[PDB]
Every structure is written in structure tokens, then in C-alpha cells.
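What follows is a short report on a single structure.
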Amino acid sequence: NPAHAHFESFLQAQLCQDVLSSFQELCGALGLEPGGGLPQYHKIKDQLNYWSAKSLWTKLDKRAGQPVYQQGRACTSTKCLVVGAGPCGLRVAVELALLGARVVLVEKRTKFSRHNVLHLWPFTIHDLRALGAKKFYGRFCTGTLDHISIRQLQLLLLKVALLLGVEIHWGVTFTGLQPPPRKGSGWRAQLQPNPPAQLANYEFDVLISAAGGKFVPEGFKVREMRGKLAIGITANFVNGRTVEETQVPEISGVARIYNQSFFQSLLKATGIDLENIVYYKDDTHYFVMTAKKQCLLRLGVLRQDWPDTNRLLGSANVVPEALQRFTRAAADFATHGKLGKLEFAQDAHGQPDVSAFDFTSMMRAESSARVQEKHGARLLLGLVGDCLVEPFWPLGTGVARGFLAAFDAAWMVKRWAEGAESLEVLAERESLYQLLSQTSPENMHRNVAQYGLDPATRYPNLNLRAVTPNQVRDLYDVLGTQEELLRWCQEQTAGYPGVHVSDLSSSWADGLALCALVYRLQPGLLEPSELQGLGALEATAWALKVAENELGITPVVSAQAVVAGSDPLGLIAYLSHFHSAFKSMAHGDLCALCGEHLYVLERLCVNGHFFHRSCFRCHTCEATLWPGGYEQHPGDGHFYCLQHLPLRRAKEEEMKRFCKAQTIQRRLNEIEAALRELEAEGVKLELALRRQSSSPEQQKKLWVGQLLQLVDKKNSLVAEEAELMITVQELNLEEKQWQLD
Ligand SMILES: Cc1cc2nc3c(=O)[nH]c(=O)nc-3n(C[C@H](O)[C@H](O)[C@H](O)COP(=O)(O)OP(=O)(O)OC[C@H]3O[C@@H](n4cnc5c(N)ncnc54)[C@H](O)[C@@H]3O)c2cc1C
Ligand SMILES: [Zn+2]
Ligand SMILES: [Zn+2]
């Protein structure tokens, strides 16, 4: 059989174009009518008598015999379409095909020319070799290697899927869904430029999308997650597979808190600042980095200081030659020269493999499902992979998250196909989406040899009813705090002579109100006899000091403006501190380092002195100085920090500590972005709130209302990152003990 001859040409291919040629040859021939559908598989093991293939069939049988498989009669009438052929899209197509639906895939690209590396969770490893992954790549999961290139996995899963009768039209660009003409008709899809007829009229009632990060489908809004600007570089080197490079240890990567010693060493060697570097020794060596803009400008890698991240990535703007030099230097300095000679990776384009990319902003989807019904037709929309959850690249969570999304989509579509209505399925999928953001090898089951599609075996104790049906009516489509703060103040005033509370401000400048407040904050702090023995300036200084000593709450107002009383908003915030402190348990005005008045959104006191928040940085390393790691020089008043003052479980815990450190750093970047945005908003609002301090009483109450809302939000957050920072010093601490070990 010439058809069977091209079958071994197929199953023995190593390049994508060869797979395409074999498929096209079978398309021209009429030997077996390739890819006609699922039943092909049930006849395909018949006319094959090579012993070496047994395991393949065996494994697929052991994968096609689960009761959850319904023996293939699950959703037979149903008909589907997958846009996107990454690992996630291939998993969606193949798994949805297994249960029996008609499956077609489309791709604008036609050649497997992505040569970078991907990281896989253990469940991804087991589920990936469940499809007989041994056959298509010899070195798969060989020992401790747990990292597979994009094209390798792409080819493996594509060959597996093509053994299971999936239909593909390459060179096809998705651009929308054609509305039904009339009653009883389903949804067609717009594809370009000119797909063949057999798909052009192929009509479907299910669509699961894996378009990736750059494309999201109709009917979904997008949210942006942003941080401080950071650019990254991806580099590759064609490996000679030599022993000298093979014996090289694989540094798991470097993060700012994670290897401060490594940054110090690389600065001493060559004075180069990075933010993150990770090194992968697969077939072609992978180097992923992110770093600091002015260190990157130091070598001139950029010519013009363009704020726009994508346009900063502009090739005309980017100095490529400097990029190659910097990549080479970063590599050979990171690996400590035992690589010896290095040669650039020859890409598909015809050049070295280097590129400049983004590590800051990520798209996100609030909703992972949409059932749209028209002309008596129920249509389902779901997202799998990066289109739903676009991750931080190097965390390596993309493939695992996409495969979890694939299982979610398969389960939910098979549930809806059985006549189940919209409410329960959308509720279930939103219930799993609420947990998807915290997927982790940690919160997964400890042993992995019994997984599948059933959501009960993947999320222990899943409250599937997390979202009531009535919440998704939108997802179905057919055609003055000052009053309450004051009231709390009176509640803290019961039985006090000489304390005549009338507003938020005038009743506190007396001074004894501070003592009464701290009294009922915690009983036994002071004897009642001495209550009438303090002076007003002394009383307010004492109250501030005791509040910092007992609760450690941040002062907002100094004693001079207290007795002056002309800036009540600070005292409002200061009382608001305790207003939020008991919400459950009890139910020189300028700056020199910033040359500006401490405008309240950035006004802060530095151990009994008055400077801005932004100006508080180390002159050497221009970082934020948190308690336990800095100490002020009294000679000049400048602010300086400390150094700146002139076996399987082993690798498992190493990876876990890397991931947790990086997560901490990313969280700090997120908080910094949030603080900058909120302080800009507060600046623009307080412009009026100070200038236009004569609004209507309702307007004045509203302004101060969100002023309090915002300041209380900062209080809660700064507490949260205070505890996170404390986690940082303690993690450095047992790093010191581990070095001591
Ligand atoms: C250049 C690059 C480098 C990357 N490097 C890394 C890395 O080092 N580490 C890492 O963990 N992750 C990396 N990723 C992301 C990686 O894709 C995911 O993190 C993970 O591999 C999940 O892969 P995926 O299935 O999301 O691929 P996808 O993003 O789903 O692949 C995009 C797919 O959508 C298809 N598509 C898009 N538009 C259309 C259309 N109109 N019609 C038909 N098909 C369409 C594309 O052709 C392609 O098949 C990288 C991504 C890119 C683009
Ligand atoms: Zn200052
Ligand atoms: Zn410093």
C-alpha cells in the first residue's frame, strides 16, 4: 500500500513539513480516506503487525478504557472546533476527540519553528507520557530533565492526535464566527484566506479556544496586570553535545533576593546588573533574563529612552549588536567559562537566536465561559491555555495551566452536551476558574498515578457552588465616612469630663482626648490620677510615642500641627488608624531630599523627621529601605542601608524555594505599581481637595470618604507587605544558617 508506505513516512518523520507532506499525499490518495474521523482508529490497529508498536496501542488502550470515557458514545452528535495548536490546543483537540466528538484544528503557521524550552509540572509529565511519549523523542524525561522544547512537544502531540483522526487545515487564520442563517442552524466560523471546501462548510456547535496570549475571542473583556518596567531577553545557543558542556551544572536560575551573592559576584567580575537569569541545558542552551533599564542603557543596548515597552522593544530602536554582546557576556560569566567556546544558535530565520521581550504586563480574563443561544441552538465558548491565563514566562506554569484548562473544558463540554442547561455548567466552570489562579504542585494531590478528567480528583473539597446561577445572567446572551468615624469617637468617649466632642478635630487639641483614646485602646496603660498631669505638646508627643510603642501605628501628624490645628486631614487619618484597628477585635512642613512639601499622599515621617516616601532610597543601590537592613549616617543626614553604609527532595525543595522567592519579588513589583497608580490618583483628587476646599458639604463628605477608603487600603496593604518583608529577612536568615550548616 502506497498509503501505508506514506504511513511509515509519517510515523517516522522528524520535521513538521514531512508530516504535512505525508498528510497531503494521503489527502490526494484514496487508500484509507485519512482523518475521516474517530472510527479510523478502531480499524487502524487491525492492519498493523510490527511488534515494536505494541506499547503504543497498549498505552492508548489503557487510556481509552476508563469508565469516564463512556466507551465513545459520550457526545457523538456534538461537533467541535479548536483554534490554536500549542501544547494546550493539541491537548484540547486530542482529548475532546477521544470521547468521540468531531474535531477540527486550524493554524496560521505551518512549521514548527519555536525552539525555546518549556517547563512541566509532574502531572503534566505523567499525563504526557500516558499518550506514549516515549516513541517520538528518545530523550524525553530522561532522568531529572523536566523541560521540553516547544517544537518537540508540538510534534509529539500532533503525531499522537493525527493517529486519532483529527482534521487540520494549516495556513488558516481565525477571524470570527459566522451567525446562523435561521432556526435550527448552528454557528459557522470565518477563516482566511481561502480554506478548502470540506472545512469551509464544516459546521460545529462547540468551540474551545487556545489562541494564546495575543488573541482573545469575542464576548470577553480583558483586564491588565502591570508592574514596574522591566525588559527581558531570550537567547539560545546551538549545542555541540560535547562532554565539556554536558558536565556543566545547570544553575536553576537567579533572583534578586535569591542569589544576592551571585549578583555581587557578577558585579565584581564585570559590574553588570540583572534582575533574573535562568539557564536550561536542553538540545539547544536556553538563557532567559530580565534586567534594569539604566544598566541596560549603560551598554547602549537602547538608544532612546522610550517609555512604551513594546516600542522600547522596537528593533530599529534596539541596538542588536549590543544585544548579542550582552547576551554572550551574561552567558559566559554566568556559567563560569567551563563552556569554553560558544556559538550562536542558528534559528529558523537564519540568524543567532536572541530577542527582547516583556516581563511586565499580562492580560487576564474575568470569565472563562460563555453559552450563547440563538435560533434554537446552544453554543459553548471556553478558553484553554494562555488565552485564559497568560503567565509569567519563566515560572513555567503555562503548559501545566493550559493542560488543566484542557481537562476543565473537556469535562464541562461533555456535561453540557447531555442536554444540561446553561446555569449549572457555567457555574461549575467559573467555580474551577476561581481556583485555577492558585494551581500549584503544592495544593495538588501528593501521588499522581490516578488522575483524569473528574474534577473531584484534582481539587480536594471543591465547593462547586461558589457562584450561584443567578450571578451569570450577564453571561447568557440571546437576541460621609466622617459621620461614622465621629460616631466611633463618641463611643470611645463615655464618661469623660472636659471632653466635649463636636467634630473630628476641635475636641482633640485639648490633649487629654489622646490619653482617653489610648486608655480604651488597651486598659491599664496609665493610672487615672496622672491623666490631668500632662502638657498639650507633651500630651500629644506622649500619645504618638505610646501608640508607636504599643500598636506601632504610623504617625500622620506632628505635635506642632496638632496644637496649630490647621491641617485636620492628617489627624483624621491618625484617628482612622485606630478606627480600622478595632474594626473586628473591638468591632518644617517641606522636604529637602525631594525639595517639596510632603504632599499627604506621599507624606511620611522618618523616625521623627519629615521626608517624602520616594526620596527614601540608598544612594548606592536606590532601593527601598525596610527595618532590619538599614541605618542612617548622622554625618550628612543621607540615608544608607547596611552593606551600603560606608536527592529528589533536594531538587524539589530547591525548585520550591526558587519559585517562592520569585513570587515574593513579583508581588513587590505589583504593590509598587499599585501604590504609584493610587498616589497619582490621590494627587489629582487632593489638588481640588486642597485648592477647592469649599465644595458642597456632600462633596466634601464624598471626597473625604474615598480619602479614608484609600488610606485604609494603604494601611492594610503596607501591613501585608510588612509581613512579607519580614518573611524576606527570615528567609535570608535561614539562608545564613544553611550556609552555617
Ligand atoms: C516567542 C515565545 C517564546 C516563549 N517562551 C516561553 C518560555 O521560554 N517558557 C515558557 O514557559 N513559555 C514560553 N512561551 C509561552 C508558551 O506558549 C506558553 O507559556 C506555554 O507553552 C503554553 O503554550 P501555548 O499552548 O499557550 O502556545 P500558544 O500560545 O497557544 O500558541 C499560539 C497558537 O495560537 C495559534 N493561533 C494564533 N492566532 C491564530 C489564528 N488566527 N488562527 C489559527 N491559529 C492561531 C498560533 O498559530 C499557535 O498555534 C513563549 C511564547 C512565545 C510566543
Ligand atoms: Zn523627603
Ligand atoms: Zn544600599
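The table below gives the values:
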| read-out | value |
| --- | --- |
| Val104 within 30 Å of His349 (Cα to Cα) and more than 27 Å from the chain's Cα centre (by Cα) | yes |
| Residue within region 661-670 that is basic (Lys, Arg), under 20 Å from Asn715 (Cα atoms) and touching an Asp or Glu at 6+ places or on another chain (Cβ under 6 Å) present | no |
| Candidate set from region 571-599 (those that are part of a loop (DSSP other than H, G, I, E, B) and small (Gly, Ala, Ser)); member that is nearest to ligand 3 (Cβ to nearest atom) | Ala592 |
| When residues of region 415-447 are limited to those that are of a type in the set (A, V, I, L, M) and over 18 Å from the mean Cα position of the chain (by Cα), the one nearest to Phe123 (Cα to Cα) | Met444 |
| Any hit, region 594-603, residues being over 16 Å from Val711 (Cβ atoms), within 16 Å of ligand 2 (Cβ to nearest atom) and basic (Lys, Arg) | no |
| Single condition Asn463 does not satisfy, out of (1) more than 30 Å from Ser368 (Cβ to Cβ); (2) assigned to a loop (DSSP other than H, G, I, E, B) | (1) |
| Hey, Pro217 assigned by TED's automatic domain parsing to the domain that holds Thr335, touching a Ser or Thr at 6+ places or on another chain (Cβ under 9 Å) and either closer than 30 Å to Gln190 by Cα or loosely packed, with under 15 Cβ neighbours inside 10 Å (or both) or not | no |
| Scope region 647-675; condition surrounded by 13 or more Cβ atoms within 10 Å (Cβ to Cβ) and among the charged types (D, E, K, R); matching residues | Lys656, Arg657, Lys660, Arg666, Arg667, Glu670, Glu672 |
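The values are calculated or read from the model by the stated rules, or taken from the named source; nothing here is a laboratory result. Ideal geometry is used to build each Cβ from the backbone, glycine not excepted, and the neighbour counts take in all protein chains shown.
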